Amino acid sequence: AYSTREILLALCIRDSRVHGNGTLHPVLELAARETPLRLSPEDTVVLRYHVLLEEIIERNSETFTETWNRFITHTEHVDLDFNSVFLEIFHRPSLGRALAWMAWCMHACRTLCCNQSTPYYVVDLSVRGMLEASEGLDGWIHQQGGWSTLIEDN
């Protein structure tokens, strides 16, 4: 019964724990507090999804780098523009598109938290934007039995 916001946040937390010094950006701490985060980043569902997204990232490493750098350098309103991209992808859905979006969001969070020169507000509004935009998948995921069912049986 976990929401997309919870699983994406847990994935971003897990990704940070296995990258850099393992410390969490204050933004991810906040999101976990404000989002009633019930899902552990070490949960098997999170670990299993993390591999799928990492595989998507590596297979499309350059495209993810290009798309993100084009996104973050041309935006004047980070969090709102995350919604715009989300709506364009899901014109209206498939498992591949869900995972493609989630991997792109995890990659963005990784890049933002790994570069110590990124301003706080850029990290803050990006994480908020991707988590709030991702809420649009709850309806579809619910009809597929939840994120746990998709990975454990599909």
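By rigid core we mean the largest C-alpha set that fits within 1.5 Å across both forms. The numbering used is simple: start at 1 and walk along the sequence shown.
Across the superposed structures in 5 other deposited structures of this protein, aligned by the core, the stretch whose Cα atoms lie more distant on average is 18-26, chosen from 18-26 and 136-144. For the pair 48-56 and 83-91, rigid core superposition yields a higher RMS C-alpha distance in 5 other deposited structures of this protein in 83-91. Taking the mean C-alpha B-factor of each stretch as recorded, 11-19 and 139-147 are not equal, and the higher mean is that of 139-147. When the two stretches 58-66 and 110-118 are set side by side, the higher mean Cα temperature factor goes to 110-118. Between the residues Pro41, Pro36, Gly129, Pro26, it is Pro36 that shows the highest Cα B-factor in the PDB record. Across the residues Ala32, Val45, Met102, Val123, the deposited record lists the maximum Cα B factor for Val45. The entry lists a Cα temperature factor for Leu52 that places it in the middle third of the chain's modelled residues.
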